């Protein structure tokens, strides 16, 4: 496996102009440098390279292009109020990427060495980490089969690469723009016995049609429904949280359980940790159905619904389109107090306004 100490660094000779962080479309702007590491079954891992952002030269038979032999990660670097650049629980992203590689039959790698190569890449491109407490640098580790063979088989050739892409505030305002969700049980993101709990590329290609349908019906995101009971699972790419009075008349923060169809998000685990620590209401990893939700709405038992994930720390939901009717969620009329408290706490940690075990200052 490759070592950070073997890094070959070829710096760019011409640096690009940085974007205005308030005029950023997510994932369209890339920094000056990338990380690449070649693997073959014959010779193993090559030395890792930090070099100028470049096209990949791939055999057209590359299994990544034919059988989605590919996975990715997503994590952020934050420029702190103290001007220290922090990662946020990056070891968890390395753990999930390694597990996904095993599931994909891509070759395994030393997680500590990859994280150190990523830190060296971000350090070289550190002026791309935005000077704004509502912006960040998105880190995209990517892992593709480059086997020049149409056989459906474990690849004997692979490329691990990392891209950097600055992201502005999810909300152009700076604060909350609630989303309308499209809930059509016709589409299923992930199933029991599937790969829904991994960031394998194949989990996402199947979802574009549902998102186009959402947009066609004036919604911003898909509400992913599962099973005959229409369980509510994920808000687009984000974990789903419901703050309500439950069936027992108890104040409760509820989120679907990790049963294999849910991506175990970093922010999801943090929010559960915070909600347990505060001890002010019940915290349940439990199934939630559309019928649970509409019954609760009829009883004025719903306070807040929000997504949480890498894309958006906290994304309030105002409406769900379901069985041809618009269902209003009163999140924005209830503060949103919990959503606001969670956003404040996580951004305070991310931007170093308070100490945390959850952050690491860049190498």
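Numbering follows the first chain given and starts at 1. So that the term is clear: the rigid core is the largest set of C-alpha atoms that superpose within 1.5 Å between two forms.
- In terms of root mean square C-alpha deviation after superposing on the rigid core in 6 other deposited structures of this protein, the stretch standing farther out between 117-125 and 164-172 is 164-172.
- Comparing 297-305 with 66-74, the stretch with the higher mean C-alpha B-factor in the PDB entry is 297-305.
- Between 79-87 and 137-145, the higher mean Cα B-factor belongs to 79-87.
- As recorded in the entry, 326 carries the highest CA temperature factor of 331, 326, 31, 36.
- As recorded in the PDB entry, 170 shows the highest C-alpha B-factor of the residues 170, 244, 224, 161.
- Per the PDB record, residue ranking by Cα B-factor puts residue 179 in the highest third of the chain.
- Sort the modelled residues of the chain by CA B factor and residue 25 lands in the highest third.
- When the CA B factors of the chain's modelled residues are split into thirds, the value for residue 311 lands in the highest one.
- Remark: residue 235 belongs to the middle third of its chain, ranked by C-alpha B-factor as recorded.
- Residue 153: CA B factor lies in the highest third for its chain, per the PDB record.
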